[PDB]
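*Asks:* Once you've seen the sequence and the experimental structure below, I've got questions.
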Amino acid sequence: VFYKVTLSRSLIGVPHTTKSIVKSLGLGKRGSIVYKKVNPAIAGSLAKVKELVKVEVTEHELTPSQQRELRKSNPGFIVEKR
Amino acid sequence: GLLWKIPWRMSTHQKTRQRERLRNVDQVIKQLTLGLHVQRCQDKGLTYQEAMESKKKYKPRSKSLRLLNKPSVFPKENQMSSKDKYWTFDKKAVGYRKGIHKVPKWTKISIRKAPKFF
RNA sequence: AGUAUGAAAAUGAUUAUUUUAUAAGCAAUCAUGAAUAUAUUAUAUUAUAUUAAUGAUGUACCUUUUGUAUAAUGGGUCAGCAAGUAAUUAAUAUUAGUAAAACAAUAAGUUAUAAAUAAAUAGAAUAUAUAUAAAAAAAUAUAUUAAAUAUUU
RNA sequence: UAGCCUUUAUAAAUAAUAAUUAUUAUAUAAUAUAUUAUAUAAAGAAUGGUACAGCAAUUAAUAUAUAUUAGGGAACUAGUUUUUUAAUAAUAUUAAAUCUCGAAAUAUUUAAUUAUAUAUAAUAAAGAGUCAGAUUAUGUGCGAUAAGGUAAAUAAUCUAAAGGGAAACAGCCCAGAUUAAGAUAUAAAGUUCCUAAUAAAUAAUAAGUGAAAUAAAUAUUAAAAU
RNA sequence: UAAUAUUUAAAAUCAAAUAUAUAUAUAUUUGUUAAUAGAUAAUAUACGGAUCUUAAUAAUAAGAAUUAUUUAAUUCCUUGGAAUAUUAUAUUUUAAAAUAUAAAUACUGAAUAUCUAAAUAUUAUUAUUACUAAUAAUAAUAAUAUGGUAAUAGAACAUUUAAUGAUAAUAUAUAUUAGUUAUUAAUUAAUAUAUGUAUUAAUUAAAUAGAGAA
RNA sequence: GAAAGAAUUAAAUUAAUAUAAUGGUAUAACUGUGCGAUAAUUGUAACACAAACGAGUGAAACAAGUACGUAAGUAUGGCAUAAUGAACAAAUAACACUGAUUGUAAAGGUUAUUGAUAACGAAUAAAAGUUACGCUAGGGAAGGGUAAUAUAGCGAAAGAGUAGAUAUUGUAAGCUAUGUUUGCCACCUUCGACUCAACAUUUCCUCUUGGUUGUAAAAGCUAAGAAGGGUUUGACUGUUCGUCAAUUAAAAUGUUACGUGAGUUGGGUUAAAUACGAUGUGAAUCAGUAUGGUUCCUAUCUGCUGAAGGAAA
Ligand SMILES: [Mg+2]
Ligand SMILES: [Mg+2]
Ligand SMILES: [Mg+2]
Ligand SMILES: [Mg+2]
Ligand SMILES: [Mg+2]
Ligand SMILES: [Mg+2]
Ligand SMILES: [Mg+2]
Ligand SMILES: [Mg+2]
Ligand SMILES: [Mg+2]
Ligand SMILES: [Mg+2]
Ligand SMILES: [Mg+2]
Ligand SMILES: [Mg+2]
Ligand SMILES: [Mg+2]
Ligand SMILES: [Mg+2]
Ligand SMILES: [Mg+2]
Ligand SMILES: [Mg+2]
Ligand SMILES: [Mg+2]
Ligand SMILES: [Mg+2]
Ligand SMILES: [Mg+2]
Ligand SMILES: [Mg+2]
Ligand SMILES: [Mg+2]
Ligand SMILES: [Mg+2]
Ligand SMILES: [Mg+2]
Ligand SMILES: [Mg+2]
Ligand SMILES: [Mg+2]
Ligand SMILES: [Mg+2]
Ligand SMILES: [Mg+2]
Ligand SMILES: [Mg+2]
Ligand SMILES: [Mg+2]
Ligand SMILES: [Mg+2]
Ligand SMILES: [Mg+2]
Ligand SMILES: [Mg+2]
């Protein structure tokens, strides 16, 4: 099992301890998404910054590349070279 | 002196937003707990779906999470009172109360349990 | 204050295009009609350029400040001139030359090649051996140093 | 000078940051009244004396047809009773910057584990700038629980931060602008028009109360509950 | 049920909900007044302003823009489904009735995030081009980063002088206008003025090397 | 069942601690006693705490000697935290370290010790005033905030009022409003007179009204509405103010940079002269007194008073 953790609020204006925590969590920027293995420590960490973060449990994680692929919009065209 | 035009009440919209935020916080906690439970299940020797199904879901052991789960310490939004969603206990106000929206970073800060009689 | 030349700007008059006599504020930016000008591919239902219909947005610039639209400093405009340089040294770095030597090679000298001590006639085999200092018969103890089939630092 | 910043680099380098495990008890199961495993509860290794809470000791305050110690006044024949005066004792109640017997959270903080390595720490060789800060919120001292006052503490922002909101706005609320583009999520704030965007439900208000800066004691009128 | 004297309470009590064994018990959570007066100064009313409180008879139609508690039609069960209702549309049937469909994801809102391209730097993968090829140049893919005063670091351009140096009046230099290249610069075309013509391109060396701030 | 011993438990604690306050302390550091005057000794001190540096603090261990102790051991002064001062220049001893031609010396050094810079990181061995005759560089390293005081108002009502709190009065305490006083803060660097006034209402007069054993009337007192009109001339003083005089229906209180100095004046008031009193040794000084005594401006824009031209009627 994995947590999908998103930074939904900016760290700007938040006490430095909390910023540090967020950094540790591997969350770089607002809207950034991380997939973390579920162990108690991680959960505890997340609890502390709960008001900054949106979490959801998922079956499997995703590599950044996969995520990117998922994101990509549908280009509504098929090229043909002539 | 310098005019900080901030009202003593909140607009309905603001209140709604606050409520939503509260709900979201609760949801995060719930999700965390769920994740922990499913991890436990997996450790024991079950599938993901099976874990999800399970009647006897495991409570969390870590202190903080447990405390959060307790509604005495950290109420959920439906449980919570009107008087605590939109006001905090101020030790130096008139009525010993103050609109939450006055609290510095109220949009990030969580603060549910005011004192028992205040 | 040489002689030529001079479509450099600020500044004045005038003419053309355009906008302007019910409209209010750094005079711009973005949106957006209309009018005019030019264009040897405007084929046009064209393209550029100019122009304060009209709408939205928009507290000059510097300085000094906790902080300036400030009714704090400074400037009438334009043109020209106006401010981190040199000498003699020292220490670090980078690259090049040479290298257990380097520079200079007339002889000197400078730095490196041995650490230490106020100074003195003292001074180097994994360290637990050794060197110097305080101490001492000699060790210990403290500090710093040197020391590991080979080719010295 | 240290603190905060930068450049180059070093490694028998993960030391850095964050959390978790660590304790106590209950139930169940298994081994020898003990040990392990699983579950559950408990503000859950160690450090602490603020809030709160308390009146113990210390320092203060109150009340007794209570008890004792003496005194003042009083009756009858020095003894006696009552009315007390103060002190001490008893019982009850109370508070405090320099009282804490109970006692939080936040905090300091340890080893291992997990996560952060396009990451953090340490060290080496070089450089700086800064040493009249401001506001907001919280807990204070000074002031008069005055000040856009003053002095420090903690956090943020401003300083050095443009953007959206707060009518206008350094310091508030959100959010950190490499350059565009403008389809999709949105933050704080809003949705009759000005002005981008709205429809509902249940109550209350009749004063324009109120509608982004709440003015007090008190009085009147009504409404509920007993 | 009238009058009667307080209180403005969910602590207690009752009701409802959630968690534990569970039709009960235990523990936790939530639910208890409103007007008016009091009310007040000097350029001008001062919610930012307009303005906002609804009503039969009639509108394919308004009904707070205030205060309190809420929702994203309303109700139930556990994001979903169902029912109910509403609106809109279509078709059939006699302006109605029946059938089917859709809507129920409220919306706006930043220079936030994503998408969509572009630039730069770094880390990790490539592809092409050319004999520290373990390199360089260019192009991809994934990721992270790109506000900034004092300050530190790195890289360029303009101007002028010295070293080297082709070329040419169809050339050059300077100017104006319109183009071009991610553009303090240079280049293209037309035009005007020089000038028998670069201290010209480029690499070095240097600087009286860049001005709205005295 | 008794005696004795060993004790143990409770209370220990504000006694005592060389000395303030705090923390500690009976397992005693507190007290008594034997021995001893020795650890109130000598070289190396790692490593910590603390910390800008200079400094400070605890301290294991190694070596040399000493004291007490049967022994284990304990002692590098004091139960802990204050009890202090750099370098430089002098001075005294030890060291055998250099000895400017050599030898001696002198002089310097090493080790140990001495006296102070209390403005206590100490500018020199050695240092006070005044300037209104002053000058240079700079900085700002009445308004705004507050409302303690002031004024004004309310709520409650002790008490006055020939009786009776509430006609009229209204202690001390309460709750407010104003920003007209005296202050506080440090964002920011002139009083009067004349002229002209504009605005406010918490109304002095005039208009309407309620209460008034304290409205017989007339005069009043007090309160509500009301800002339309009006609200003074002299002697004194620089005065605003204030004391009088004469009037008046009344001679209200403010705000306007305590309105108005690019509109006037300059009497007061912060310069140069001089004098008096006071203070100072003196230069000089003053919450003193007195005579004299210095700024100017043609109006660009806003605005206002008038007067035209253009214009879309
Ligand atoms: Mg403001
Ligand atoms: Mg500004
Ligand atoms: Mg000027
Ligand atoms: Mg420095
Ligand atoms: Mg305290
Ligand atoms: Mg200083
Ligand atoms: Mg301040
Ligand atoms: Mg600054
Ligand atoms: Mg900003
Ligand atoms: Mg910042
Ligand atoms: Mg950015
Ligand atoms: Mg209103
Ligand atoms: Mg208001
Ligand atoms: Mg007004
Ligand atoms: Mg409004
Ligand atoms: Mg962005
Ligand atoms: Mg940058
Ligand atoms: Mg120059
Ligand atoms: Mg110039
Ligand atoms: Mg410039
Ligand atoms: Mg004591
Ligand atoms: Mg002793
Ligand atoms: Mg030190
Ligand atoms: Mg001195
Ligand atoms: Mg001194
Ligand atoms: Mg002196
Ligand atoms: Mg003042
Ligand atoms: Mg004022
Ligand atoms: Mg009146
Ligand atoms: Mg004037
Ligand atoms: Mg003037
Ligand atoms: Mg004369």
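*Replies:* In hand now; what should we look at? Residues are numbered from 1 along each chain as shown, chains lettered A, B, ... in the order given. Ligands and ions are numbered 1, 2, ... in the order given.

*Asks:* For the lengthiest helix in chain B, which residues meet the burial criterion?
*Replies:* Longest helix in chain B, counting residues (DSSP state H): helix B:12-44. Counting neighbours by 16 or more other Cβ atoms under 10 Å in any protein chain shown, one finds that the buried residues in helix B:12-44 are B:15, B:18, B:21-22, B:24-29, B:31-41. Where C-beta positions appear, they are placed from N, C-alpha and C, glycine not excepted.

*Asks:* Can you narrow these down to the ones near RNA strand D?
*Replies:* Residues of these in contact with RNA strand D (Cβ under 7 Å from any atom of the strand): B:21, B:40.

*Asks:* Is the residue in chain A positioned nearest to RNA strand D in a helix, a strand, or coil?
*Replies:* Of all residues in chain A, residue A:44 sits closest to RNA strand D, at 2.7 Å by Cβ to the nearest atom of the strand. When classified by DSSP: H, G, I helix; E, B strand; the rest coil, residue A:44 comes out as helix.

*Asks:* now the closest residue to it other than its chain neighbours: how far from residue A:52?
*Replies:* Distances taken as Cβ to Cβ, 6 or more residues apart in numbering or on different chains put residue B:62 closest to residue A:44, at 5.0 Å, once the chain neighbours are dropped. According to Cβ to Cβ, to the nearest Å, residue B:62 and residue A:52 sit 19 Å apart.

*Asks:* Check the burial of residue B:51 by counting its neighbours.
*Replies:* 19 (other Cβ atoms under 10 Å in any protein chain shown).

*Asks:* a strand runs through it, doesn't it?
*Replies:* No. Assessed with three-state DSSP, residue B:51 is helix; it does not lie in a strand.
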